[PDB]
Structure formats: C-alpha cells, structure tokens
$ cat final.tsv   # TSV, C-alpha atoms and all ligand atoms
chain	number	residue	atom	x	y	z
A	835	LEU	CA	-41.99	28.05	-69.28
A	836	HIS	CA	-45.57	28.99	-68.39
A	837	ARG	CA	-46.35	25.36	-67.54
A	838	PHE	CA	-43.50	25.39	-65.03
A	839	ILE	CA	-44.61	28.82	-63.77
A	840	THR	CA	-48.21	27.83	-63.03
A	841	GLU	CA	-47.18	24.31	-62.07
A	842	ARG	CA	-44.49	24.81	-59.38
A	843	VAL	CA	-44.89	28.46	-58.27
A	844	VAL	CA	-48.13	30.03	-57.06
A	851	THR	CA	-37.54	35.06	-49.91
A	852	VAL	CA	-36.48	36.27	-53.36
A	853	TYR	CA	-34.89	32.83	-53.98
A	854	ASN	CA	-32.21	34.58	-56.10
A	855	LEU	CA	-32.29	33.55	-59.79
A	856	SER	CA	-29.49	31.02	-60.43
A	857	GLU	CA	-31.33	28.36	-58.46
A	858	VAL	CA	-34.45	29.40	-60.39
A	859	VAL	CA	-32.80	28.80	-63.77
A	860	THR	CA	-31.35	25.49	-62.57
A	861	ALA	CA	-34.77	24.45	-61.27
A	862	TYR	CA	-36.41	25.26	-64.59
A	863	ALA	CA	-33.63	23.40	-66.40
A	864	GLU	CA	-34.12	20.24	-64.36
A	865	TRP	CA	-37.92	20.56	-64.58
A	866	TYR	CA	-37.69	20.79	-68.37
A	867	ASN	CA	-35.22	17.92	-68.52
A	868	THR	CA	-37.54	15.75	-66.46
A	869	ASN	CA	-40.94	16.97	-67.65
A	870	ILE	CA	-39.96	17.56	-71.27
A	871	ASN	CA	-36.45	16.89	-72.57
A	872	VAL	CA	-32.85	17.08	-71.42
A	873	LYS	CA	-31.71	20.46	-72.71
A	874	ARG	CA	-29.31	23.13	-71.47
A	875	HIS	CA	-30.69	26.65	-71.04
A	876	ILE	CA	-28.61	29.82	-70.93
A	877	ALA	CA	-29.64	31.65	-67.76
A	878	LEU	CA	-29.61	35.10	-69.40
A	879	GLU	CA	-32.31	34.01	-71.84
A	880	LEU	CA	-34.39	32.52	-69.02
A	881	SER	CA	-34.08	35.90	-67.29
A	882	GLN	CA	-35.38	37.71	-70.37
A	883	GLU	CA	-38.39	35.42	-70.80
A	884	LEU	CA	-38.98	35.48	-67.03
A	885	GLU	CA	-39.28	39.25	-67.31
A	886	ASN	CA	-41.48	38.54	-70.35
A	887	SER	CA	-43.50	35.87	-68.50
A	888	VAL	CA	-45.89	36.46	-65.59
A	889	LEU	CA	-43.34	37.61	-63.01
A	890	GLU	CA	-43.78	41.41	-62.89
A	891	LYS	CA	-45.92	41.19	-59.75
A	892	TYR	CA	-43.05	39.16	-58.26
A	893	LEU	CA	-40.37	41.36	-59.85
A	894	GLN	CA	-38.03	42.83	-57.24
A	895	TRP	CA	-34.43	44.03	-56.84
A	896	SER	CA	-31.32	42.83	-55.03
A	897	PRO	CA	-28.65	44.80	-53.12
A	898	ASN	CA	-26.01	43.32	-55.46
A	899	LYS	CA	-27.65	45.12	-58.43
A	900	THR	CA	-29.88	42.25	-59.55
A	901	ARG	CA	-33.50	42.64	-60.63
A	902	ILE	CA	-34.90	39.73	-58.65
A	903	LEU	CA	-38.18	37.86	-58.17
A	904	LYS	CA	-40.63	37.24	-55.32
A	905	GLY	CA	-43.52	34.94	-54.45
A	906	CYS	CA	-41.40	31.82	-54.87
A	907	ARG	CA	-42.72	28.33	-54.05
A	908	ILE	CA	-39.88	25.81	-53.91
A	909	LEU	CA	-40.50	22.22	-54.99
A	910	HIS	CA	-38.27	19.25	-55.75
A	911	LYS	CA	-40.55	16.25	-55.06
A	912	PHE	CA	-44.22	15.41	-54.46
A	913	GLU	CA	-44.73	18.48	-52.27
A	914	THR	CA	-47.76	19.47	-54.39
A	915	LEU	CA	-49.20	22.96	-53.92
A	916	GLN	CA	-47.45	24.62	-50.96
A	917	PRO	CA	-48.45	28.32	-51.03
A	935	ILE	CA	-71.12	27.41	-86.90
A	936	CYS	CA	-73.94	26.58	-89.31
A	937	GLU	CA	-74.59	24.66	-92.53
A	938	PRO	CA	-76.12	25.53	-95.90
A	939	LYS	CA	-79.05	23.80	-97.55
A	940	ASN	CA	-76.98	21.54	-99.80
A	941	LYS	CA	-74.30	23.82	-101.38
A	942	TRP	CA	-71.40	24.63	-99.07
A	943	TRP	CA	-69.22	25.42	-102.10
A	944	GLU	CA	-71.70	28.21	-102.88
A	945	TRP	CA	-69.41	30.20	-100.50
A	946	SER	CA	-72.33	31.02	-98.13
A	947	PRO	CA	-73.08	34.72	-97.40
A	948	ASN	CA	-70.36	37.28	-96.67
A	949	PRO	CA	-69.89	36.00	-93.07
A	950	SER	CA	-69.94	32.48	-94.55
B	696	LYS	CA	-30.91	31.85	-79.51
B	697	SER	CA	-27.83	33.78	-78.33
B	698	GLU	CA	-24.37	32.68	-79.46
B	699	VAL	CA	-20.76	33.47	-78.61
B	700	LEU	CA	-18.33	34.97	-81.11
B	701	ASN	CA	-15.16	33.39	-79.63
B	702	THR	CA	-13.19	36.36	-81.06
B	703	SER	CA	-11.90	34.19	-83.90
B	704	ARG	CA	-12.78	34.93	-87.55
B	705	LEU	CA	-13.60	38.48	-86.45
B	706	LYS	CA	-10.62	40.82	-86.32
B	707	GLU	CA	-9.48	39.42	-89.64
B	708	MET	CA	-12.91	40.22	-91.05
B	709	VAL	CA	-13.18	43.60	-89.31
B	710	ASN	CA	-9.86	44.59	-90.88
B	711	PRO	CA	-9.65	45.03	-94.66
B	712	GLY	CA	-6.97	42.39	-95.16
B	713	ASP	CA	-6.18	40.71	-98.46
B	714	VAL	CA	-6.35	36.92	-98.43
B	715	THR	CA	-5.37	34.09	-100.76
B	716	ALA	CA	-8.36	31.93	-99.84
B	717	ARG	CA	-10.53	29.57	-101.89
B	718	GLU	CA	-9.21	27.00	-104.37
B	719	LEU	CA	-8.25	24.64	-101.57
B	720	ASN	CA	-6.88	22.05	-103.97
B	721	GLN	CA	-5.45	24.74	-106.22
B	722	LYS	CA	-4.88	28.39	-105.37
B	723	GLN	CA	-7.27	31.32	-105.71
B	724	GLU	CA	-5.64	34.71	-106.20
B	725	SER	CA	-5.26	36.71	-103.02
B	726	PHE	CA	-8.34	38.91	-103.04
B	727	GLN	CA	-8.65	42.15	-101.11
B	728	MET	CA	-11.75	42.27	-98.91
B	729	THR	CA	-13.48	45.64	-98.40
B	730	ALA	CA	-17.09	45.52	-97.24
B	731	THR	CA	-19.08	47.43	-94.65
B	732	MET	CA	-20.32	44.93	-92.07
B	733	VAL	CA	-23.59	45.02	-90.13
B	734	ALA	CA	-24.87	42.49	-87.58
B	735	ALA	CA	-28.36	42.58	-86.07
B	736	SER	CA	-30.38	40.07	-84.07
B	737	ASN	CA	-33.36	39.69	-81.78
B	738	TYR	CA	-31.04	37.92	-79.32
B	739	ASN	CA	-27.75	38.81	-77.62
B	740	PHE	CA	-24.21	38.53	-78.96
B	741	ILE	CA	-21.91	36.80	-76.50
B	742	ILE	CA	-18.42	38.30	-76.51
B	743	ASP	CA	-15.39	36.75	-74.83
B	744	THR	CA	-12.44	39.14	-74.93
B	745	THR	CA	-10.69	41.98	-73.10
B	746	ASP	CA	-7.73	42.96	-75.28
B	747	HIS	CA	-7.68	46.55	-76.50
B	748	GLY	CA	-7.41	45.07	-79.98
B	749	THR	CA	-10.97	43.88	-79.54
B	750	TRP	CA	-13.74	46.08	-78.12
B	751	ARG	CA	-12.15	48.85	-80.21
B	752	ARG	CA	-13.22	47.78	-83.71
B	753	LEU	CA	-16.81	47.26	-82.55
B	754	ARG	CA	-19.90	49.46	-82.30
B	755	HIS	CA	-23.10	48.72	-80.40
B	756	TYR	CA	-26.60	50.18	-80.57
B	757	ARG	CA	-30.12	49.19	-79.56
B	758	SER	CA	-33.36	50.00	-81.35
B	759	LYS	CA	-36.32	51.73	-79.72
B	760	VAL	CA	-39.33	50.95	-81.94
B	761	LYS	CA	-41.72	48.09	-82.68
B	762	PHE	CA	-44.44	47.70	-85.32
B	763	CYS	CA	-47.65	45.75	-84.75
B	764	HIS	CA	-51.16	45.55	-86.19
B	765	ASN	CA	-52.71	46.41	-82.81
B	766	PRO	CA	-50.91	49.70	-82.08
B	767	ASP	CA	-51.86	50.36	-78.47
B	768	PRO	CA	-51.52	54.11	-77.76
B	769	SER	CA	-49.70	55.90	-74.90
B	770	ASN	CA	-46.45	54.13	-75.88
B	771	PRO	CA	-44.22	56.25	-78.16
B	772	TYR	CA	-42.20	53.13	-79.06
B	773	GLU	CA	-45.04	51.45	-80.95
B	774	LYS	CA	-46.65	52.03	-84.36
B	775	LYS	CA	-49.18	50.42	-86.66
B	776	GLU	CA	-47.20	47.92	-88.69
B	777	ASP	CA	-47.52	48.08	-92.46
B	778	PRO	CA	-47.96	44.59	-94.00
B	779	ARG	CA	-46.88	46.08	-97.33
B	780	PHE	CA	-43.18	47.01	-96.93
B	781	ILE	CA	-42.28	43.35	-97.58
B	782	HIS	CA	-44.73	41.78	-100.04
B	783	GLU	CA	-44.23	44.89	-102.18
B	784	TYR	CA	-42.28	48.18	-101.94
B	785	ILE	CA	-39.22	46.08	-102.82
B	786	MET	CA	-39.85	45.06	-106.44
B	787	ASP	CA	-40.88	48.59	-107.43
B	788	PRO	CA	-38.00	50.10	-109.45
B	789	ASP	CA	-38.77	53.69	-108.44
B	790	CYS	CA	-38.46	53.11	-104.69
B	791	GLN	CA	-35.11	51.40	-105.25
B	792	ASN	CA	-33.99	54.38	-107.34
B	793	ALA	CA	-35.03	56.74	-104.54
B	794	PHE	CA	-33.15	54.69	-101.95
B	795	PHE	CA	-30.05	54.66	-104.16
B	796	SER	CA	-30.33	58.44	-104.43
B	797	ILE	CA	-30.50	58.66	-100.64
B	798	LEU	CA	-27.38	56.52	-100.26
B	799	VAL	CA	-25.34	58.47	-102.81
B	800	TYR	CA	-26.44	61.76	-101.26
B	801	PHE	CA	-25.39	60.58	-97.80
B	802	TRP	CA	-22.01	59.38	-99.07
B	803	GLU	CA	-21.43	62.75	-100.73
B	804	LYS	CA	-22.36	64.50	-97.48
B	805	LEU	CA	-19.95	62.34	-95.48
B	806	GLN	CA	-17.14	62.92	-97.95
B	807	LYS	CA	-17.59	66.68	-98.01
B	808	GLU	CA	-17.99	66.95	-94.21
B	809	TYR	CA	-15.67	64.48	-92.45
B	810	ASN	CA	-13.30	63.71	-95.36
B	811	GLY	CA	-14.36	60.07	-95.54
B	812	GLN	CA	-13.58	59.31	-91.88
B	813	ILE	CA	-16.42	57.51	-90.11
B	814	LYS	CA	-14.49	57.53	-86.82
B	815	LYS	CA	-14.23	61.32	-86.59
B	816	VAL	CA	-17.99	61.90	-86.84
B	817	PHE	CA	-19.42	62.05	-83.32
B	818	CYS	CA	-22.62	60.47	-81.99
B	819	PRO	CA	-23.20	60.69	-78.21
B	820	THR	CA	-25.72	57.83	-78.24
B	821	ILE	CA	-22.99	55.70	-79.82
B	822	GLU	CA	-19.66	55.39	-77.92
B	823	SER	CA	-21.80	55.55	-74.75
B	824	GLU	CA	-24.15	52.61	-75.28
B	825	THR	CA	-21.11	50.78	-76.66
B	826	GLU	CA	-19.13	51.24	-73.46
B	827	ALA	CA	-22.35	50.41	-71.62
B	828	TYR	CA	-22.20	47.03	-73.35
B	829	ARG	CA	-18.51	46.98	-72.42
B	830	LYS	CA	-19.58	47.28	-68.78
B	831	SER	CA	-21.51	44.09	-69.53
B	832	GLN	CA	-20.20	40.98	-71.31
B	833	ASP	CA	-17.18	41.13	-68.94
B	834	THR	CA	-18.38	38.52	-66.46
B	835	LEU	CA	-15.20	38.63	-64.35
B	836	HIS	CA	-16.21	41.99	-62.86
B	837	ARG	CA	-19.73	40.69	-62.22
B	838	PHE	CA	-18.33	37.65	-60.40
B	839	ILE	CA	-16.00	39.84	-58.34
B	840	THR	CA	-18.78	42.23	-57.34
B	841	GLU	CA	-21.18	39.34	-56.64
B	842	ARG	CA	-19.03	36.94	-54.60
B	843	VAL	CA	-15.93	38.71	-53.21
B	844	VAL	CA	-15.78	41.86	-51.08
B	852	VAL	CA	-5.85	34.42	-48.80
B	853	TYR	CA	-7.74	31.40	-50.21
B	854	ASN	CA	-4.97	30.93	-52.81
B	855	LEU	CA	-5.99	30.98	-56.49
B	856	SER	CA	-7.34	27.54	-57.44
B	857	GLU	CA	-10.34	28.22	-55.22
B	858	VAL	CA	-10.82	31.56	-56.99
B	859	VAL	CA	-10.81	30.05	-60.48
B	860	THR	CA	-13.10	27.19	-59.43
B	861	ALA	CA	-15.50	29.69	-57.85
B	862	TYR	CA	-15.46	31.72	-61.07
B	863	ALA	CA	-16.16	28.59	-63.12
B	864	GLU	CA	-19.09	27.50	-60.95
B	865	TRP	CA	-20.46	31.06	-60.83
B	866	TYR	CA	-20.25	31.46	-64.60
B	867	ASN	CA	-21.99	28.19	-65.33
B	868	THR	CA	-24.77	29.06	-62.89
B	869	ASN	CA	-25.05	32.77	-63.68
B	870	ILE	CA	-24.48	32.44	-67.42
B	871	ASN	CA	-24.03	28.93	-68.79
B	872	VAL	CA	-21.98	25.78	-68.24
B	873	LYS	CA	-18.78	26.65	-70.11
B	874	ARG	CA	-15.15	25.57	-69.84
B	875	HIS	CA	-12.34	27.87	-68.71
B	876	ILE	CA	-8.58	27.81	-68.11
B	877	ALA	CA	-7.19	28.74	-64.71
B	878	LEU	CA	-4.03	30.53	-65.89
B	879	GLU	CA	-5.77	33.18	-67.99
B	880	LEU	CA	-8.36	33.68	-65.25
B	881	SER	CA	-5.53	34.33	-62.78
B	882	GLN	CA	-3.71	36.77	-65.07
B	883	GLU	CA	-6.96	38.62	-65.70
B	884	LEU	CA	-7.44	38.70	-61.92
B	885	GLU	CA	-4.18	40.62	-61.67
B	886	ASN	CA	-5.56	42.59	-64.64
B	887	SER	CA	-8.84	43.20	-62.78
B	888	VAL	CA	-9.61	45.29	-59.67
B	889	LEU	CA	-7.99	42.94	-57.19
B	890	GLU	CA	-4.46	44.34	-56.78
B	891	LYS	CA	-5.29	46.00	-53.46
B	892	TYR	CA	-6.11	42.43	-52.40
B	893	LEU	CA	-3.80	40.50	-54.74
B	894	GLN	CA	-0.29	40.09	-53.36
B	895	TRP	CA	2.92	38.11	-53.94
B	896	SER	CA	3.36	35.39	-51.33
B	897	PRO	CA	6.84	34.51	-50.02
B	898	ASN	CA	5.94	30.95	-51.07
B	899	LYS	CA	6.11	32.21	-54.69
B	900	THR	CA	2.34	32.06	-55.22
B	901	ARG	CA	0.38	35.15	-56.24
B	902	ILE	CA	-2.56	35.29	-53.82
B	903	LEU	CA	-5.23	37.74	-52.68
B	904	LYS	CA	-6.31	39.08	-49.29
B	905	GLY	CA	-9.50	39.91	-47.42
B	906	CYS	CA	-11.38	37.35	-49.49
B	907	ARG	CA	-15.06	36.76	-48.76
B	908	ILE	CA	-16.86	33.75	-50.26
B	909	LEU	CA	-20.60	34.40	-50.26
B	910	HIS	CA	-22.90	31.38	-50.40
B	911	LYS	CA	-26.51	32.60	-50.10
B	912	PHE	CA	-26.61	36.05	-48.44
B	913	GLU	CA	-23.62	37.33	-46.45
B	914	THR	CA	-24.14	41.11	-46.93
B	915	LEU	CA	-20.91	43.15	-46.90
B	935	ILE	CA	-30.00	66.42	-78.25
B	936	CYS	CA	-31.86	68.58	-80.77
B	937	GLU	CA	-34.50	68.09	-83.45
B	938	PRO	CA	-34.79	69.45	-86.99
B	939	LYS	CA	-37.47	71.77	-88.30
B	940	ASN	CA	-38.79	69.22	-90.80
B	941	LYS	CA	-35.64	67.94	-92.58
B	942	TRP	CA	-33.06	66.09	-90.48
B	943	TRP	CA	-31.18	65.25	-93.69
B	944	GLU	CA	-30.14	68.92	-93.74
B	945	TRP	CA	-27.12	67.56	-91.80
B	946	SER	CA	-28.02	69.90	-88.91
B	947	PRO	CA	-25.38	72.39	-87.65
B	948	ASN	CA	-21.71	71.45	-87.34
B	949	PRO	CA	-22.18	69.50	-84.06
B	950	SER	CA	-25.32	67.97	-85.64
C	1001	LIG	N1	-41.74	52.81	-90.50
C	1001	LIG	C1	-42.61	51.81	-90.62
C	1001	LIG	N2	-43.92	52.11	-90.82
C	1001	LIG	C2	-44.80	51.12	-90.95
C	1001	LIG	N3	-44.58	49.80	-90.90
C	1001	LIG	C3	-43.29	49.53	-90.70
C	1001	LIG	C4	-42.26	50.45	-90.55
C	1001	LIG	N4	-41.05	49.80	-90.36
C	1001	LIG	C5	-41.37	48.53	-90.39
C	1001	LIG	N5	-42.70	48.29	-90.59
C	1001	LIG	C6	-43.35	46.99	-90.68
C	1001	LIG	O1	-43.08	46.28	-89.49
C	1001	LIG	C7	-42.51	44.99	-89.79
C	1001	LIG	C8	-41.04	45.01	-89.49
C	1001	LIG	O2	-40.71	43.85	-88.70
C	1001	LIG	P1	-39.45	42.97	-89.03
C	1001	LIG	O3	-38.24	43.39	-88.18
C	1001	LIG	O4	-39.22	43.04	-90.49
C	1001	LIG	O5	-39.85	41.51	-88.58
C	1001	LIG	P2	-38.73	40.45	-88.38
C	1001	LIG	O6	-38.72	40.02	-86.95
C	1001	LIG	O7	-37.36	41.07	-88.76
C	1001	LIG	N6	-39.04	39.13	-89.36
C	1001	LIG	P3	-40.44	39.44	-90.26
C	1001	LIG	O8	-41.67	39.63	-89.28
C	1001	LIG	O9	-40.70	38.30	-91.19
C	1001	LIG	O10	-40.23	40.75	-91.11
C	1001	LIG	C9	-42.88	44.73	-91.24
C	1001	LIG	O11	-44.16	44.12	-91.36
C	1001	LIG	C10	-42.86	46.13	-91.85
C	1001	LIG	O12	-43.75	46.24	-92.95
$ encode --input "final.tsv" --output "structure tokens"
Amino acid sequence: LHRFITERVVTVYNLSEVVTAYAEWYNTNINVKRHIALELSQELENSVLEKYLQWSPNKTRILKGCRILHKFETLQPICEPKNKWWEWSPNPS
Amino acid sequence: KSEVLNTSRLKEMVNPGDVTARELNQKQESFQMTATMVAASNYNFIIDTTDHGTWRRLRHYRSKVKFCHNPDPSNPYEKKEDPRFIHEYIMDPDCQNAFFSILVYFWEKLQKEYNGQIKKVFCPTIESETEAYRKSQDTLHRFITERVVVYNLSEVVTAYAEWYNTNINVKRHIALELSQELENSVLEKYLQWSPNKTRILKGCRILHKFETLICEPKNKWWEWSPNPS
C-alpha cells in the first residue's frame, strides 16, 4: 500500500477508482488479488492520507492531492572482544 | 480480513433449538443447545439481510481503548499495556476464583433485579450503536442516496450490481430480490405500476462522476447504581 502511495501519488478523484487503481497496481506489480474496498478505505485512513483527507457532499470522507497514472507517465505532480565472545561481553555486550 | 455471514447457520444458532446432529452414519440423540454467544474481531462483520427476523437477535458494540508499551499521553483511549496478563495471571488459581466470584455475583444481581431477562435491562449505548450499524451494512440505501435523486428495472439492478462491486466488492446478486427490496425501500414516491405491467420508477437520475442534485459511581460501579443505573 505504501509503495503504491509513494510510487503513483505525490480533484478528489472519489475513492472507487482509487481502490480499483490500487487493485490493478497490486495485480500487476505484485499479485492478482481482489481487495474489498472498505478495507482499503480503512488502511487509506491509516496510511499517509490525512493531509489529503477531505469530505464529499454525498457524505463520503474523501481524499485530495491525487496524481493519476495508468502508463509510463512517471512523476506528474558494533565491536569485538579479545578472543572470547561467549564470555557474554559487558552489560551492553 | 472481513467476512460475510450470509445469514445461514445463524438464526438456528442464535435460537436455543434442539438438534439431532452428529452421528452422520448413525444417529446422535437430539441435543438441546443453550450457550451464550460472543463474537469479536479486529475487522468488520459483513451482514446481508433485512428481514425483521434478523437484525433483531443481534447486538453491536465497539470498544474505546487500546493498550501499548509506549503510552503516549493526552489520549484518554490509550494505556500502558501490561505484558503480564497473558503469560501469567491465567494459571494462578486465586485470580480464577476471584473471576468466578465476580460472575456468580453478577448473575445473582441480574436474577434479583430483572428476573433473568437480559432484554429488559436498558443500556442507551447499546440499542443505539446497534441501530447505527443497522444504518450501515444496508448497501441498498447507500446506492440509492449515492446514484439516484423511468429507466425500467433491469438498468436499476445492473447499476446496483456495478455500484456494489466498486463501492464494496465484486459480488453476485439476483435481480428479482433487488427489485422487491426496491419496492421495500424508499422509492415508492418514484416507483409506479406501468400500464405495460412492469413496475418502474420515475424521476430517475443516473450519476456518473459528479452531477450534483450518563453518570459515574463514587468508587464502586458494581454497586449496580440506582434503578436506571
Ligand atoms: N486493563 C489493562 N491494563 C493493562 N494492560 C492491559 C489491560 N487490558 C489489556 N492489557 C494488555 O494489553 C494487551 C491486550 O491486547 P489483545 O487484545 O489481547 O491483543 P490481541 O490483538 O487480541 N492478540 P494478542 O496481542 O496476542 O493478545 C495484552 O498485552 C494485555 O496484557
């Protein structure tokens, strides 16, 4: 999740397209797996998105600062003992 | 992760019903089942039902604490975790005896106060957070409030299916039940009865991207508090 965050993102873009984008990114970058969008919302609130956190008129806590990407668009904004280590060394060891 | 309950294997369990299960090849005596049930998780419980039969034998609550070894102050919902409640404090006989005493005392209190009826006892935090969860987990209302403010009915069910998969998760639905719940939902001011013998709605908008329109004890809460408690 954080790899996708600080790999593809640097309007509010809603959130369904966001979850689908993360799903396809994970399928391509990592493995083909289905993600339940509610979970992705919870970890998105848990991830670094509070600065982008916003609200929608349809009663939807929404995001901001969104950078869309679907192709090659790129960025588009200690020590050692003498001879006895088993001697346990001093208290710091 | 979060899983759905599918409303099977639940009402039967919630109700104390005797059952001649087990002994598939043979036959195990019908045994009466009577056990208090508790379900907790770090994730969400997906529910898929609307019948009064369901949503009536259920109770919901949400915790408001968290224990950690770095107890940052200024947050009342955070305390220094004790890495000792688990590795010990369980095998000690005396603590178990004390807990058993607490349980028997509470059962005696319940029996002498509410005559054994757990439904009659009143908790405002409960039966309010529960109906708050009821306001959720009912995705049809969310779809209606998100996408619609005659288009027939196949379009409606397909729109609900695509919305659900996108908003929640790719899941399969049946058009008939969705329609009947639509006449069971807040659509009757729009829903009508066409002369072509096809129940349809009216004033239907299909949005695509953005189309606009109590008390505290002295020091002993186990004193049962006053009668309202
Ligand atoms: N009232 C309390 N005072 C102090 N420590 C507590 C208290 N209640 C719980 N703890 C500690 O906080 C932790 C409770 O977390 P807990 O819910 O058991 O974790 P979990 O996610 O369920 N799985 P696990 O971390 O293995 O226990 C344990 O380490 C307890 O010892």
$ interface_residues --input "final.tsv" --of "chain A" --to "chain B" --cutoff "6 Å" --atoms "only C-alpha atoms" --output "list in words"
residues 856, 876 and 877 of chain A
$ residues_around --input "final.tsv" --residues "region 742-752 of chain B" --least-positions-apart "6" --cutoff "9 Å" --atoms "only C-alpha atoms" --output "list in words"
residues 698, 699, 700, 701, 702, 706, 709, 710, 825, 826, 829, 832, 833 and 883 of chain B
$ closest_residue --input "final.tsv" --among "B:858, B:781, B:741, B:734" --to "ligand LIG 1001 (chain C)" --atoms "all atoms listed in the file"
B:781
$ residues_near_ligand --input "final.tsv" --ligand "ligand LIG 1001 (chain C)" --cutoff "12 Å" --atoms "all atoms listed in the file" --output "PyMOL selection string"
chain B and resi 735-738+758-766+772-785
$ axis_aligned_box --input "final.tsv" --around "region 705-724 of chain B" --padding-each-side "5 Å" --output "JSON"
{"center_x": -9.2, "center_y": 33.5, "center_z": -96.3, "size_x": 18.7, "size_y": 33.0, "size_z": 29.9}
$ atom_distance --input "final.tsv" --atom1 "CA of residue 804 (chain B)" --atom2 "CA of residue 824 (chain B)"
25.2 Å
$ residues_around --input "final.tsv" --residues "region 915-946 of chain A" --least-positions-apart "3" --cutoff "12 Å" --atoms "all atoms listed in the file" --output "PyMOL selection string"
chain A and resi 840-844+905-912+949-950
$ residues_around --input "final.tsv" --residues "region 945-947 of chain B" --least-positions-apart "5" --cutoff "12 Å" --atoms "all atoms listed in the file" --output "MDAnalysis selection string"
chainID B and resid 800:801 803:805 807:809 816 935:940
$ atom_distance --input "final.tsv" --atom1 "CA of residue 875 (chain A)" --atom2 "CA of residue 863 (chain A)"
6.4 Å
$ atom_distance --input "final.tsv" --atom1 "CA of residue 877 (chain B)" --atom2 "CA of residue 861 (chain B)"
10.8 Å
$ closest_residue --input "final.tsv" --among "A:892, A:914, A:904, A:947" --to "residue 853 (chain A)" --atoms "all atoms listed in the file"
A:904
$ residues_around --input "final.tsv" --residues "residue 893 (chain B)" --least-positions-apart "3" --cutoff "12 Å" --atoms "only C-alpha atoms" --output "number ranges by chain"
B: 852-855, 858, 881-890, 896, 900-906
$ closest_residue --input "final.tsv" --among "B:716, B:950, B:708, B:819" --to "residue 733 (chain B)" --atoms "all atoms listed in the file"
B:708
$ closest_residue --input "final.tsv" --among "A:861, A:852, A:839, A:902" --to "residue 888 (chain A)" --atoms "all atoms listed in the file"
A:839
